[PDB]
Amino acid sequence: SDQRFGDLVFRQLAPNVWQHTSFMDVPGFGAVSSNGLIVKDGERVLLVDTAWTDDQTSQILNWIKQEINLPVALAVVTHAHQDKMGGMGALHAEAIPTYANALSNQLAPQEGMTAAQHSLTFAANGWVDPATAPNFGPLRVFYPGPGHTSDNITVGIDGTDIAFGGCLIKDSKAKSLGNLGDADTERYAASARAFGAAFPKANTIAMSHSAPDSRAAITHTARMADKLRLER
């Protein structure tokens, strides 16, 4: 099912939903992959994350024009890390409206990243403000709280069984919580469970550093963060 296109891999998770995977050689971590989503919303395309680099992101757009042949109406990025906003200049070069958490845009220059042109705000219940996320269609953006970072957001797709956890959620067989450098060890547990409650009917949990998994990935991440909470 994994379709190869250039330096990336593409997999169809559902009708109108695809997963794009880019690879990067972290020096002390081997060849680490990162996943994003491509959503066909009627006559337009919605992108849920970029690749590691500008070059890999332009390969994503070339795949969209090749396979779907529809304009990319908007692009959301889940937090300010290389695997998520590394291809921001590639999306801005094609005049694609980019959206991110307001904190992610404040943090992007601190890590050498191009901030998104629009900033998302959120209500007290973690859901995105409709004034900041216009015409998102099926995209349901949810802020579960500080976890993997302090700005990580999640996205769900209506009409589908799919909810995207980004780097907050790891697969049910993960032996660790991944990159904990920018993590909130206290709220990670409650944030992982908040993401599971925001999308209760989503049994296909997609994430950045793992293949799509069931909802056991949510509880396994929460239990892992439960022990991380008491170790700090």
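Residue numbers here begin at 1 and follow the sequence given.
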Would 185-193 or 27-35 have the larger average of its C-alpha temperature factors, as given in the entry?
-> 27-35
For the stretches 111-119 and 136-144, which has the higher mean C-alpha B-factor as given in the deposited record?
-> 111-119
One of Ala102, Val155, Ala95, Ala131 has the largest Cα B-factor in the entry, namely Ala95
Lowest, middle or highest third: where is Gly126 by C-alpha B factor in its chain?
-> lowest
On the chain's distribution of Cα B-factors, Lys170 falls within the third called lowest
Within this chain's modelled residues, let me know which third the CA B factor of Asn203 belongs to: lowest, middle or highest.
-> lowest
Temperature factor at the Cα of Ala222, chain-ranked in thirds, falls in the lowest
Temperature factor at the Cα of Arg11, chain-ranked in thirds, falls in the highest
